[PDB]
Amino acid sequence: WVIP
Amino acid sequence: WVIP
Amino acid sequence: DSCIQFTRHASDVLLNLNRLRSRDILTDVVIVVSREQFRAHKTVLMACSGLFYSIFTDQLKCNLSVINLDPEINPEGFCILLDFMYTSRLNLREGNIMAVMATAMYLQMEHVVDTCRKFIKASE
Amino acid sequence: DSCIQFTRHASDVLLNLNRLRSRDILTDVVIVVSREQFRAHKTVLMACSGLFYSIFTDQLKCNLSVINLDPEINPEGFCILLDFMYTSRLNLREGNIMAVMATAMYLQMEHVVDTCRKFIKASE
Ligand SMILES: O=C1Cc2cc(Nc3nc(Cl)ncc3F)ccc2N1
Ligand SMILES: O=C1Cc2cc(Nc3nc(Cl)ncc3F)ccc2N1
Ligand SMILES: [Cl-]
Ligand SMILES: [Cl-]
């Protein structure tokens, strides 16, 4: 999961 | 395009 | 093999599938979550959810155009997960995390259940 | 928005759509390319090809279960492009590049046409  |  | 690969292809396909959903093109099922209705593509639901995979591989259920979910399922939680299926982006907030996690456990979306458990652990 | 994003989601969805295709699950169209038949999902074809997007958004053609392609289309070229749609990998070889490029121009797959033109230019 990432900060888009 | 890339070499997978 | 000796193939070449287009890096952005999978993301571009998913973006187009979401544009078809927006425009109600070739949607073939309605998911009912109490008083709300959500239109979607059976194939996308199966590709994202262990529950929908089991439902639409069943010889009788594969032919249904309406699927009613368990009444304990929260429509907002479902809406957030449906948007995730079509976009890869999860709108997780302090006010919805418990409903989202409960819905992801029911839908059998192991990667979503994993991130919810981690965000909950960080709050404790 | 304040969303989080699962990087591998789009690739995982496409991999599952290809597993459904392999297992002939919920395929809803047969594409005929002379003597050969290819089963696929209308939504994936529309998401990848400008030609299939136009065909399946047409009020009469959206209901067809069989689509016959132009007789000049090479079945191997089509097979290579269908595999690309479901996997992001293009099996481009000196022996198939002209058929692949001609098929991609017909199917309106601009990114494939672009790489074929570049590989052809490098040979000259
Ligand atoms: O957490 C999850 C997400 C998920 C999706 C699927 N989907 C499919 N699985 C296979 Cl092997 N082939 C085709 C499919 F559409 C099954 C189980 C699970 N569990
Ligand atoms: O080279 C290409 C690939 C391609 C795919 C599509 N697909 C769709 N386009 C839109 Cl805007 N919404 C939904 C779709 F399924 C249209 C044109 C083109 N041209
Ligand atoms: Cl997941
Ligand atoms: Cl393309």
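Heavy-atom basis, side chains included; hydrogens, waters and symmetry copies ignored. Residue numbering restarts at 1 for every chain, and letters A, B, ... go by the order of the sequence lines.
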Between [X] and [Y], what is the shortest heavy-atom contact and its length?
{"X": "C:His9", "Y": "D:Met85", "result": "NE2-O, 2.8 Å"}
{"X": "D:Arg23", "Y": "C:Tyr53", "result": "NH1-OH, 3.1 Å"}
{"X": "C:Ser88", "Y": "D:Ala10", "result": "OG-N, 3.8 Å"}

Exercise. Among residues 13-22 of chain D, which ones touch chain C with a heavy-atom distance under 4.5 Å?
Worked result: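 D:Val13, D:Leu14, D:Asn16, D:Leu17, D:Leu20 fall under the 4.5 Å cut-off.
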Exercise. Where on C:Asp1 is there a heavy atom nearer than 4.5 Å to chain D: the side chain, the backbone, both, or neither?
Worked result: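 When you check distances to chain D, only side chain atoms of C:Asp1 fall under 4.5 Å.
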Exercise. Do any pairs count as a salt bridge (charged side-chain N to carboxylate O under 4.0 Å, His left out) and have a residue in residues 27-42 of chain D, sequence neighbours left out, and if so which ones?
Worked result: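 Of all non-adjacent pairs touching residues 27-42 of chain D, those that pass salt bridge (charged side-chain N to carboxylate O under 4.0 Å, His left out) are D:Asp24-D:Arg39.
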For this session: Sort out for me which of D:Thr43, D:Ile4, D:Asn91, D:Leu26 touches chain C most, counting heavy-atom pairs under 4.5 Å.
Result: D:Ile4
Are the side chains of [Y] and [X] in contact, using a 4.5 Å heavy-atom criterion?
{"X": "C:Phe6", "Y": "D:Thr115", "answer": "no"}
{"X": "D:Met46", "Y": "C:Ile25", "answer": "yes"}
{"X": "D:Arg8", "Y": "C:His111", "answer": "yes"}

Problem set entry | Heavy atoms from other residues, nucleotides or ligands near CD of C:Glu76 exceed 12 (cutoff 6.0 Å) |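 Atom CD in C:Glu76 is not crowded, with 12 or fewer foreign heavy atoms closer than 6.0 Å.
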